[PDB]
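Below: one structure, written as structure tokens.
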Amino acid sequence: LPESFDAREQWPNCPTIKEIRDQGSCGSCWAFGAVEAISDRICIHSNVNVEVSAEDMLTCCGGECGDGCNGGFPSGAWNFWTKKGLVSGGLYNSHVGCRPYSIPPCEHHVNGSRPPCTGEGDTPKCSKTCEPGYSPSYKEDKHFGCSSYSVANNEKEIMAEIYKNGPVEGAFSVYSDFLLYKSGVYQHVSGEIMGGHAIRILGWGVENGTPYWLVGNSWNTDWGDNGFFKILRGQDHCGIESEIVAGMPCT
Ligand SMILES: *[C@]1(C(=O)N[C@H](C(=O)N2CCC[C@H]2C(=O)O)[C@@H](C)CC)O[C@@H]1C(=O)NCc1ccccc1
């Protein structure tokens, strides 16, 4: 395997790989990390661009995925994709796809022109219809996954999975010092635990002798390094390697 790897560079025809979303004031990271990677993989394994709806995942999976804006299970999300499939849907107010995200973007632990995130948000309703003007119908717009699996807590296997099939979803323990991340390779040295956080891992590299994972957060682009961040790789730091999940799109 190469010393470095950036899925954004390796798959130039898949722009979703370089985009950063905003989960808004909702604990829907579990759903965002999933639909983002799923969007990436649909493009990688059927070369077609599709913004997989975070709204559909967040609102219709139900208990199988946890508790909506209160948190969920990443592996459950990929299961839903293979069971019920997912329709398309873009950013809030974008009017793109069957079900665009309905929760407003906000400032995540940074100042900006948007309203500060309030963290407290209810899970929107599971509506099985598309936005007015869009076609086809909700049922006709479903994209199915044909496999949902968990990648072992093994650095090399996680790299091989990414290298071959594209970005995966992972999770780690977020501590207060991570909220102020700007650049470099993140390493937890202090701060109270804020909770678990699911994200999208799209690569890896080495910075000043420090190995890292290339990750895309869902707190908009004005957070961290244009929305992305780097985190220590190889020592299951904060559990970054303890919960990798992925899957393959049908055909
Ligand atoms: C994932 C999540 O969304 N995390 C939360 C979060 O990032 N925010 C809440 C308000 C907007 C945003 C922000 O902080 O700017 C918080 C708790 C992290 C600091 O609680 C969500 C989840 O799915 N957790 C369960 C879980 C299950 C398995 C592995 C990891 C996490």
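Bear in mind that the values in this text are calculations on the coordinates, not laboratory data. Cβ placement follows ideal geometry from the backbone for every residue including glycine, while neighbour counts extend to all protein chains displayed.
In the stretch 199-221, what residues are more than 16 Å from the ligand (Cβ to nearest atom) and either among the β-branched types (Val, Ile, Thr) or assigned to a strand (DSSP E or B) (or both)? Quick ask: steps written out before the conclusion?
Let us first name the residues in the stretch 199-221 that are more than 16 Å from the ligand (Cβ to nearest atom), namely 202-212, 214.
Result: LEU202, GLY203, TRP204, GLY205, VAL206, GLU207, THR210, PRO211, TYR212, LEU214.
Does the stretch 119-137 hold any residues that are closer than 19 Å to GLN23 by Cα and not polar (S, T, N, Q), and which are they? Full working, then the answer.
Our first condition is that a residue be closer than 19 Å to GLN23 by Cα; within the stretch 119-137, this holds for 119-127.
Within the stretch 119-137, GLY119, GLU120, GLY121, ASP122, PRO124, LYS125, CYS126 meet the criteria.
Specify which of the listed residues (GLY27, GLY90) is within 15 Å of the chain's Cα centre (by Cα), part of a loop (DSSP other than H, G, I, E, B) and within 9 Å of the ligand (Cβ to nearest atom). Explain how you work it out, then say what you get.
Values: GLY90 fails: within 9 Å of the ligand (Cβ to nearest atom).
Just a single option satisfies the conditions, and that option is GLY27.
Please go through the stretch 167-193 and pick out each residue that is surrounded by 14 or more Cβ atoms within 10 Å (Cβ to Cβ) and over 16 Å from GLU241 (Cα atoms).
Taking the stretch 167-193 first, the residues surrounded by 14 or more Cβ atoms within 10 Å (Cβ to Cβ) are 167-175, 177-179, 181, 185-188.
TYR175, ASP177, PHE178, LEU179, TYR181, listed by residue number.
Counting only residues that are among the acidic types (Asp, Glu) and under 16 Å from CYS61 (Cβ atoms), how many does the stretch 9-44 have?
If we filter the stretch 9-44 for residues that are among the acidic types (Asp, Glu), which is where we start, we get 9, 19, 22, 36, 40.
With the extra rule that they be under 16 Å from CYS61 (Cβ atoms), the set shrinks to 36.
Count: 1.
In the stretch 93-137, which residue that is more than 16 Å from the ligand (Cβ to nearest atom) and hydrophobic (A, V, I, L, M, F, W, C) is nearest to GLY72 (Cα to Cα)?
Top of the filtered list is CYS126.
Suppose we keep only residues that are in a loop (DSSP other than H, G, I, E, B) and within 13 Å of the ligand (Cβ to nearest atom) within the stretch 222-251. Which one would you say is nearest to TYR163 (Cα to Cα)? Show your work before the answer.
Step one: list which residues in the stretch 222-251 are in a loop (DSSP other than H, G, I, E, B), which gives 222-224, 226-227, 233-236, 240-243, 250-251.
Filter once more, so that each one left must be within 13 Å of the ligand (Cβ to nearest atom): 222-224, 227, 240-243.
Numbers: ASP222: 28, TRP223: 27, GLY224: 25, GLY227: 22, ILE240: 17, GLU241: 15, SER242: 18, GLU243: 17 Å.
Per the stated criteria, the residue is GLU241.
Go through the stretch 163-196 and give me each residue that's touching a helix residue (DSSP H, G or I) at 6+ places or on another chain (Cβ under 8 Å), among the aliphatic types (A, V, I, L, M) and away from the ligand (no atom under 11 Å from the Cβ).
Scanning the stretch 163-196 gives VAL168, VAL189.
Which residue out of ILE38, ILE42 is more than 25 Å from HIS108 (Cα to Cα) and surrounded by 22 or more Cβ atoms within 10 Å (Cβ to Cβ)? Lay out the reasoning, then the answer.
Working: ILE38 fails: more than 25 Å from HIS108 (Cα to Cα).
Within the list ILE38, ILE42, the selection yields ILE42.
When you scan the stretch 25-57, how many residues do you find that are hydrophobic (A, V, I, L, M, F, W, C) and in contact with a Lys or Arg (Cβ under 7 Å, 6 or more places away or on another chain)? Talk me through it step by step, then tell me what you get.
Narrowing the stretch 25-57 to residues hydrophobic (A, V, I, L, M, F, W, C): 26, 29-32, 34-35, 37-38, 42-44, 48, 50, 52, 54, 57.
This time we only want the ones that are in contact with a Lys or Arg (Cβ under 7 Å, 6 or more places away or on another chain), so: 32, 37, 54.
Qualifying residue count, the stretch 25-57: 3.
What number of residues within the stretch 114-166 are out of contact with any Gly (no Cβ under 6 Å at 6 or more places or on another chain), loosely packed, with under 15 Cβ neighbours inside 10 Å, in a loop (DSSP other than H, G, I, E, B) and hydrophobic (A, V, I, L, M, F, W, C)?
2
Six or more apart or on different chains, Cβ under 6 Å: which pairs go from a residue in the stretch 193-212 that's over 16 Å from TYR163 (Cα atoms) to one that's more than 9 Å from the ligand (Cβ to nearest atom) and of a type in the set (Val, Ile, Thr)? Could you list them?
Final answer for the pair search is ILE199/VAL215; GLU207/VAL185; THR210/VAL185.
Any residue at all in the stretch 101-109 that's outside any loop (DSSP other than H, G, I, E, B) and either touching a strand residue (DSSP E or B) at 6+ places or on another chain (Cβ under 6 Å) or closer than 27 Å to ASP225 by Cα (or both)?
Step one: of the stretch 101-109, the residues outside any loop (DSSP other than H, G, I, E, B) are 107.
Filter once more, so that each one left must be either touching a strand residue (DSSP E or B) at 6+ places or on another chain (Cβ under 6 Å) or closer than 27 Å to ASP225 by Cα (or both): 107.
The answer is yes; a qualifying residue exists.
Could you go through the stretch 44-58 and let me know if any residue there is β-branched (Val, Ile, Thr), in contact with a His (Cβ under 9 Å, 6 or more places away or on another chain), part of a strand (DSSP E or B) and away from the ligand (no atom under 16 Å from the Cβ).
Of the stretch 44-58, the ones β-branched (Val, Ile, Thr) are 44, 48, 50, 52.
Remaining after also requiring in contact with a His (Cβ under 9 Å, 6 or more places away or on another chain): 50, 52.
Checking which are part of a strand (DSSP E or B) leaves us with 52.
From what's left, away from the ligand (no atom under 16 Å from the Cβ): 52.
Yes, there is a match, as at least one residue in the stretch 44-58 is β-branched (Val, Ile, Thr), in contact with a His (Cβ under 9 Å, 6 or more places away or on another chain), part of a strand (DSSP E or B) and away from the ligand (no atom under 16 Å from the Cβ).
What are the residue pairs meeting all of these: first residue in the stretch 60-75, first residue under 11 Å from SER28 (Cα atoms) and part of a loop (DSSP other than H, G, I, E, B), second residue hydroxyl-bearing (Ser, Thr, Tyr) and within 9 Å of the ligand (Cβ to nearest atom), Cβ atoms under 9 Å, and 6 or more apart or on different chains?
Going by the 9 Å Cβ cut-off, the qualifying pairs are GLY71/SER28.
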